[PDB]
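S.K.: My questions all concern the structure below.
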Number of protein chains: 2
Amino acid sequence: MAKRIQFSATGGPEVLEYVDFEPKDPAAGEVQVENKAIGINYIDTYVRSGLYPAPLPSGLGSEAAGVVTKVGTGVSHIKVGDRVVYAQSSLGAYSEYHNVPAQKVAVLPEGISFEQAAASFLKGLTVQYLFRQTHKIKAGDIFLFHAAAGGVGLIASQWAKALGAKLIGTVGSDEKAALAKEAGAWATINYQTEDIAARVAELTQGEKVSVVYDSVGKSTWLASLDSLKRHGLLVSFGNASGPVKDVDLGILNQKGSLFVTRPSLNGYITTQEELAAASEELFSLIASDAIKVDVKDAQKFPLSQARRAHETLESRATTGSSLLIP
Amino acid sequence: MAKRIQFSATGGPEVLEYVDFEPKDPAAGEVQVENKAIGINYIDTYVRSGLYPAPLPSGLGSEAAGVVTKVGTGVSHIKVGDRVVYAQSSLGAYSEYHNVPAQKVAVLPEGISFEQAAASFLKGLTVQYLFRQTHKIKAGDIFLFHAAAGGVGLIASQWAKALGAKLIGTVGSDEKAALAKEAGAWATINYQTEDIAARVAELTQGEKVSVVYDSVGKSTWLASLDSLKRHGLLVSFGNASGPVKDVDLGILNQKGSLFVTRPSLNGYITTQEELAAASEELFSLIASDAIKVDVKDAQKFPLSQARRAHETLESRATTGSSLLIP
């Protein structure tokens, strides 16, 4: 018997239940991970609130890192006792134990701890596909990245710097602005003080940017469109401020024959080769200290306190990644 | 004094007026073209009906070819007597004379007649940016192109073949199907009989296509989305069946992290270098008979009969380009 967070009905943070359950032995494709550190992602809040349909009662989270305890029939590439991380498990990473298909699990280097992995893996895999697959950031490129002080943002800042690119990062405070700069962001915009698109025009002497990465959605839709040059790409990969509905394609024409895409992690990592390749890049850059992955002690919540943790994430008081410790 | 088509109020074909006017000497940027053959584009009908707001009374058409009669102050690269074609003039190509900025005018090779130019130029420039700029079609590529029997469609078919690519073309009849095949279309779908996305799945043994060119919009939005593979591009460049409003970006995620763009000709040809380069490719391919440009005698209407011509275009009885002869 072990512990997991679940919810019996959708709602706010108050619906999170901390219960016992019997972990089942892994099936033929799978490995059982004794989770040691668990990732906290905005999608966890969306699932919990019913924005994403899930059978009830449901687990929560798809990102965690820990020690492999048992291994299923077919699994060669991963062995008992391996330290691993995953970002795409079935809902249920919020648990002391969770089975995951071996294909969707990456073995950690010795340098990367459980806590770093669960902070950086899903968010780091997200950055890699955004920057290397959805649109290949070249050295010298100016681009806009919303929420640069967030978990995804700080990895994006540091990755951009490693690529020799110039990330303009939107942030909600002067403190978050300095942090994003420290993390390698070329320039900074305060999305409460300043007009985003205006400031982008200023910083590019009118030339604008060929790509925008926008995890905010509704609030910043117009702002992001106005920030793009002719033929530019708007990459909406998040709905922090609510979704982007009621769009007339024609607006893509008005704003200069723009492209727009709504990618997701599952949309870009579908096989173990794809996960291997992307993970190799992520770990490579964490290992060489190009991407440093910290987690404030205030944002390490016990698994028991999952409620408390979710409340924190929704108030936007956090910077960087958060973690649940089983 | 010369003749032009205009309309004093928006409506159907009956609103077209055939009147006298005094052709004015060209301004500093411009050249005056004695039009010999005039292009007929669906956008002419939309403007005439008020789907696109235009100042009244207005001229009509932006595509025509003829002989340069006079030249404005600043013009070097074009001289009196040059045989030319343009696709982006101010509304008024439906005329015996029309001034056009010299930058938006291409000198014709000797091989291409006035009638071929006015059939093929705007529609051919449209095909070039779609196939070479918006998304670079590689040899071997399977892709979907709606309305393959139209004026744009038959050039697209032949261009695709010249690039060694496999254009699946949607058409409204068995007769139009054979014509699209004759014009180099790899495969054909009847959009009145058949399910578009199903047939695309069939023809690609489930792999789907990396791009869709969709000049229909509303009717085919879902069909076009279902036809695209993971990371695929939907290129909406026309609203034949009405516009594409009320779009939840999330649909781009559901259908496989798709891209979508709403390009226009004016969005991709903005300087004379861009027009030169694109025209060179178009003329190059017409010259080498890779793209053959015929116009049925039934779809050559005198300028006087502009009404009659518009009626024909709206009944969808036409295939390929149509022309007005001044």
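What is reported rests on the model, the rules as stated and the sources as named; no laboratory instrument gave them. We place every Cβ from the backbone using ideal geometry, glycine too, and count neighbours over all the protein chains shown.
S.K.: Pairs please, first residue from segment A:164-188 and farther than 11 Å from residue A:148 by Cβ, second anywhere and acidic (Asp, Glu), Cβ atoms under 9 Å, 6+ apart in sequence or on different chains.
M.R.: A:164/A:141; A:165/A:141; A:166/A:141
S.K.: Just need a number here: residues in segment B:241-257 that are part of a loop (DSSP other than H, G, I, E, B) and more than 7 Å from chain A (Cβ to nearest Cβ).
M.R.: Our first condition is that a residue be part of a loop (DSSP other than H, G, I, E, B); within segment B:241-257, this holds for B:241-246, B:248-249, B:255-257.
Now restrict to residues that are more than 7 Å from chain A (Cβ to nearest Cβ): B:241-242, B:255.
Summing the residues that are part of a loop (DSSP other than H, G, I, E, B) and more than 7 Å from chain A (Cβ to nearest Cβ) in segment B:241-257 gives 3.
S.K.: So, in segment B:189-215, how many residues would count as being over 19 Å from residue B:151 (Cα atoms), outside any helix (DSSP H, G or I), touching a helix residue (DSSP H, G or I) at 6+ places or on another chain (Cβ under 7 Å) and among the aliphatic types (A, V, I, L, M)?
M.R.: Applying the first criterion (over 19 Å from residue B:151 (Cα atoms)) to segment B:189-215 yields B:192-211.
This time we only want the ones that are outside any helix (DSSP H, G or I), so: B:192-195, B:204-211.
Filter once more, so that each one left must be touching a helix residue (DSSP H, G or I) at 6+ places or on another chain (Cβ under 7 Å): B:208-209.
Keeping just the survivors that are among the aliphatic types (A, V, I, L, M) gives B:209.
Final tally of qualifying residues: 1.
S.K.: Now a separate question. Considering every residue within segment B:298-313, establish whether at least one is surrounded by fewer than 21 Cβ atoms within 10 Å (Cβ to Cβ), in contact (Cβ under 8 Å) with a residue 12 or more places away in the chain and assigned to a loop (DSSP other than H, G, I, E, B).
M.R.: Looking through segment B:298-313, none of the residues is surrounded by fewer than 21 Cβ atoms within 10 Å (Cβ to Cβ), in contact (Cβ under 8 Å) with a residue 12 or more places away in the chain and assigned to a loop (DSSP other than H, G, I, E, B).
S.K.: Residue A:279 fails exactly one of the following numbered conditions: (1) within 14 Å of chain B (Cβ to nearest Cβ); (2) part of a helix (DSSP H, G or I). What is the number of that condition?
M.R.: All conditions are met except number (1).
S.K.: Restricted to segment A:178-197, and to residues that are of a type in the set (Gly, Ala, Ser) and surrounded by fewer than 21 Cβ atoms within 10 Å (Cβ to Cβ), which residue is farthest from residue A:223 (Cα to Cα)? Spell out how you get there, then give the answer.
M.R.: Within segment A:178-197, the subset of a type in the set (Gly, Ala, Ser) is A:178, A:180, A:183-185, A:187, A:197.
Filter once more, keeping what is surrounded by fewer than 21 Cβ atoms within 10 Å (Cβ to Cβ): A:178, A:187, A:197.
Working: A:178: 22, A:187: 17, A:197: 5 Å.
Ranking the candidates gives A:178 first.
S.K.: Hey, another quick one. So which residues in segment B:162-220 are on the phi > 0 side of the Ramachandran plot and more than 22 Å from the chain's Cα centre (by Cα)? Steps first, please.
M.R.: In the first step, residues of segment B:162-220 are kept if they are on the phi > 0 side of the Ramachandran plot; the result is B:164, B:184, B:205-206, B:208, B:217.
Selection gives B:205, B:206, B:208.
S.K.: Criterion first (on the phi > 0 side of the Ramachandran plot and in the same structural domain as residue B:44 (by TED's automatic domain parsing)) does residue B:320 satisfy it? Can you show your working first?
M.R.: Numbers: on the phi > 0 side of the Ramachandran plot: yes; in the same structural domain as residue B:44 (by TED's automatic domain parsing): yes.
Yes; evaluated as a whole, the condition is true for this residue.
S.K.: Just to be sure, is residue A:48 closer than 20 Å to residue A:325 by Cα, assigned to a strand (DSSP E or B) and charged (D, E, K, R)?
M.R.: On the way: closer than 20 Å to residue A:325 by Cα: yes; assigned to a strand (DSSP E or B): no; charged (D, E, K, R): yes.
When the stated conditions are applied, residue A:48 does not pass them.
S.K.: I would also like to ask the following. If you check A:268, A:213, which single one turns out to be within 9 Å of chain B (Cβ to nearest Cβ), surrounded by 20 or more Cβ atoms within 10 Å (Cβ to Cβ), among the aromatic types (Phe, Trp, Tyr) and in contact (Cβ under 8 Å) with a residue 12 or more places away in the chain? Even if it seems obvious, please write down each step before you answer.
M.R.: Numbers: A:213 fails: within 9 Å of chain B (Cβ to nearest Cβ).
Only one candidate passes the filter, namely A:268.
S.K.: While we're looking at this one, here's another question. For segment B:216-226: of the residues being more than 9 Å from chain A (Cβ to nearest Cβ) and not in a helix (DSSP H, G or I), which is surrounded by the most Cβ atoms within 10 Å (Cβ to Cβ)?
M.R.: B:220
S.K.: Restricted to segment B:198-210, and to residues that are surrounded by fewer than 21 Cβ atoms within 10 Å (Cβ to Cβ) and aliphatic (A, V, I, L, M), which residue is nearest to residue B:164 (Cα to Cα)?
M.R.: B:203
S.K.: May I pose another question? Can you name the residue in segment A:227-240 that is surrounded by fewer than 23 Cβ atoms within 10 Å (Cβ to Cβ) and either touching a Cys at 6+ places or on another chain (Cβ under 7 Å) or without any contact (Cβ under 8 Å) to a residue 60 or more places away in the chain (or both) and is also farthest from the other protein chains (Cβ to nearest Cβ) among such residues?
M.R.: My answer is A:229.
S.K.: Now, a different point. In contact with a helix residue (DSSP H, G or I) (Cβ under 8 Å, 6 or more places away or on another chain) and farther than 23 Å from residue B:88 by Cα: which single residue out of B:325, B:269, B:251 fits that description? Steps first, answer last, please.
M.R.: On the way: B:325 fails: farther than 23 Å from residue B:88 by Cα; B:269 fails: farther than 23 Å from residue B:88 by Cα.
Just a single option satisfies the conditions, and that option is B:251.
S.K.: If you go through segment A:104-112 one residue at a time, do you hit one that is touching a strand residue (DSSP E or B) at 6+ places or on another chain (Cβ under 7 Å) and surrounded by fewer than 19 Cβ atoms within 10 Å (Cβ to Cβ)?
M.R.: So the first thing to find is which residues in segment A:104-112 are touching a strand residue (DSSP E or B) at 6+ places or on another chain (Cβ under 7 Å), and the list is A:104-108.
Then keep just the ones that are surrounded by fewer than 19 Cβ atoms within 10 Å (Cβ to Cβ); that gives A:107.
Yes, segment A:104-112 contains a residue that is touching a strand residue (DSSP E or B) at 6+ places or on another chain (Cβ under 7 Å) and surrounded by fewer than 19 Cβ atoms within 10 Å (Cβ to Cβ).
S.K.: Please specify each residue of segment B:314-324 satisfying the condition of being within 22 Å of residue B:181 (Cα to Cα) and either of a type in the set (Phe, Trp, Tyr) or not in a strand (DSSP E or B) (or both).
M.R.: Step one: filter segment B:314-324 for residues within 22 Å of residue B:181 (Cα to Cα), giving B:316-322.
The answer is B:316, B:317, B:318, B:319, B:321.
S.K.: Moving to a separate point now. Among the residues of segment A:285-302, is any away from chain B (no Cβ under 12 Å) and among the aromatic types (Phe, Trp, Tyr)?
M.R.: Start the filter on segment A:285-302 by keeping residues that are away from chain B (no Cβ under 12 Å), which leaves A:285-302.
Narrowing further to those that are among the aromatic types (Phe, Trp, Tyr): A:301.
So far as segment A:285-302 goes, yes, one or more of its residues are away from chain B (no Cβ under 12 Å) and among the aromatic types (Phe, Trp, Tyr).
S.K.: For residues that are among the small types (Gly, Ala, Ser), farther than 17 Å from residue B:86 by Cβ and in contact with a strand residue (DSSP E or B) (Cβ under 9 Å, 6 or more places away or on another chain), tally how many sit in segment B:1-50.
M.R.: Total meeting the criteria: 2.
S.K.: May I ask you to verify whether residue B:260 is part of a loop (DSSP other than H, G, I, E, B), within 7 Å of chain A (Cβ to nearest Cβ) and closer than 17 Å to residue A:258 by Cβ? Steps first, please.
M.R.: Numbers: part of a loop (DSSP other than H, G, I, E, B): no; within 7 Å of chain A (Cβ to nearest Cβ): yes; closer than 17 Å to residue A:258 by Cβ: yes.
No: the conditions fail for residue B:260.
S.K.: Now for a different question. Out of (1) in contact (Cβ under 8 Å) with a residue 40 or more places away in the chain; (2) under 19 Å from residue B:133 (Cβ atoms), the odd one out for residue B:262 is which?
M.R.: The one condition residue B:262 does not meet is (1).
S.K.: Return only the number of the condition from (1) part of a strand (DSSP E or B); (2) surrounded by 23 or more Cβ atoms within 10 Å (Cβ to Cβ); (3) touching a residue at least 60 places away in the same chain (Cβ under 8 Å) that residue B:34 does not satisfy.
M.R.: (2)
S.K.: Would you check if residue B:116 is crowded, with 18+ Cβ neighbours inside 10 Å and in the same structural domain as residue B:88 (by TED's automatic domain parsing)?
M.R.: Numbers: crowded, with 18+ Cβ neighbours inside 10 Å: yes; in the same structural domain as residue B:88 (by TED's automatic domain parsing): yes.
Yes.
S.K.: Moving to a separate point now. Can you confirm whether residue B:145 is more than 23 Å from residue B:221 (Cα to Cα) and touching a residue at least 40 places away in the same chain (Cβ under 8 Å)?
M.R.: Working: more than 23 Å from residue B:221 (Cα to Cα): no; touching a residue at least 40 places away in the same chain (Cβ under 8 Å): yes.
So residue B:145 fails the test.
S.K.: Which residues, taken from segment A:131-156, are of a type in the set (A, V, I, L, M, F, W, C) and surrounded by fewer than 24 Cβ atoms within 10 Å (Cβ to Cβ)? Don't jump to the end; show me each part of the working.
M.R.: Here is the first cut: in segment A:131-156, the ones of a type in the set (A, V, I, L, M, F, W, C) are A:131, A:137, A:139, A:142-145, A:147-149, A:152, A:154-156.
Residues satisfying the conditions are A:137, A:139, A:142.
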